[PDB]
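>>> Pasting an experimental structure, sequence included:
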Amino acid sequence: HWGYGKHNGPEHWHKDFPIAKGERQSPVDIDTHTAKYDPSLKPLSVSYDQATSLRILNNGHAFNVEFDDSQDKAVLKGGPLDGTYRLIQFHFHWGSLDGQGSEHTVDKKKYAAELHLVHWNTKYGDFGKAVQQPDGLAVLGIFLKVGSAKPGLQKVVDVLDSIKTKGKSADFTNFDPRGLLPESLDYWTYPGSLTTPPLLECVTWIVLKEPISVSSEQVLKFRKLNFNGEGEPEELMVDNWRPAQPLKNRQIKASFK
Ligand SMILES: CCC(=O)O[C@@H]1[C@@H](OC(=O)CC)[C@@H](O)O[C@H](COS(N)(=O)=O)[C@H]1OC(=O)CC
Ligand SMILES: [Zn+2]
């Protein structure tokens, strides 16, 4: 099936998933001098106080930390968003080298990794229904640069040894996603898509301007994960990012000047 290698990577996805060449694909390059400040945007509201993490899973494409989304325990509201969006999981995309790994770019700059906190619009009842709607998901994206260690990320790093290969999961309760946010919630926003198959065009992207810093030791541990399953030849999980796609008929709005 699909992946990030030469023979199954992003250049190939359009054959099984023709929407890959669609009207509102993600990621994109964020040209900071083309985005328009929108003073009508309301303040972004990240409400993660009652967040309940459950488990961490390597699915052969990335790893995610899952959350109990059976109630409004951890939600994103405000900004360009109408209504309430519930946190279902977060995951990362990263590179083989510190100079690449993010999906979105900023004035063509690539970051070492990108964190995606995925939320679904509660008006649609469940995640599966939400992805079939043009306003079904809100994904909060945070760039990672290599610098000083991020204490709030270490508990995630600590557990990667236990989910090295495809299909492995481990208990991951009592994790606080608030520890992964930068100080500022300044952001750019645009309508886009999931960045992996099925590439559905159901996402309002909210990408924060301020990156978080993580240590080289922390990112190195991301790079020891495996795309392959247990007992198979080792393929390091690296460069699991889709490159920037054409902006086409879309406008990126900024929450700040
Ligand atoms: C089980 C959840 C899932 O596979 O998440 C997917 C995620 O992987 C991880 O979370 C590792 C387990 C990853 O490849 O990113 C895409 C793309 O998400 S993104 N980058 O657009 O935010 C997600 O795809 C989806 O969320 C929809 C199927
Ligand atoms: Zn993602």
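Arrived safely. Numbering: from 1, shown residues only. Ligands and ions are numbered 1, 2, ... in the order given.
>>> Now name the helix or strand holding the residue lying closest to residue 53 once chain neighbours are set aside.
Excluding the flanking residues, the one nearest residue 53 by Cβ to Cβ, 6 or more residues apart in numbering is residue 175, at 4.0 Å. Heads up, the C-betas are built off the backbone N, CA and C, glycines and all. Secondary structure assignment for residue 175, by DSSP states H and E: no helix or strand.
>>> For residue 175, give me its contacts.
Listed by Cβ atoms under 8 Å, 6 or more residues apart in numbering, the contact set of residue 175 reads 53, 65, 155-156.
>>> switch the cut-off to 10 Å
51-54, 56, 65, 67, 90, 152, 155-156, 159 (Cβ atoms under 10 Å, 6 or more residues apart in numbering).
>>> Please identify the buried residues of stretch 150-164?
Buried residues in stretch 150-164, counted by 16 or more other Cβ atoms under 10 Å: 150, 152-157, 159-160, 163-164.
>>> Now do the SS call for residue 138.
strand (DSSP: H, G, I helix; E, B strand; the rest coil).
>>> Identify all residues paired with it through a beta bridge.
Beta-bridge pairing of residue 138 under DSSP bridges involves residue 119, residue 204.
>>> what sits against it?
For residue 138, counting by Cβ under 10 Å, 6+ apart, the contacting residues are 75-77, 79-81, 83-87, 117-121, 130, 189, 202-206.
>>> Specify the local secondary structure of residue 154.
When classified by three-state DSSP, residue 154 comes out as helix.
>>> That one and ligand 1: what is the separation?
The gap separating residue 154 from ligand 1 is 20 Å, by Cβ to the nearest ligand atom, to the nearest Å.
>>> any idea how far that residue lies from residue 175?
Here the distance between residue 154 and residue 175 works out to 11 Å (Cβ to Cβ, to the nearest Å).
>>> same deal with residue 32?
Taken as Cβ to Cβ, the span from residue 32 to residue 175 is 32 Å.
>>> next one: residue 230
25 Å.
>>> and the nearest residue in space to residue 100 that is not next to it in sequence, what does it touch?
Spatially, and ignoring its direct neighbours in sequence, residue 100 is nearest to residue 110 (4.8 Å; Cβ to Cβ, 6+ apart). Counting by Cβ under 10 Å, 6+ apart, residue 110 makes contact with 29, 95, 97-104, 143, 241, 243-244.
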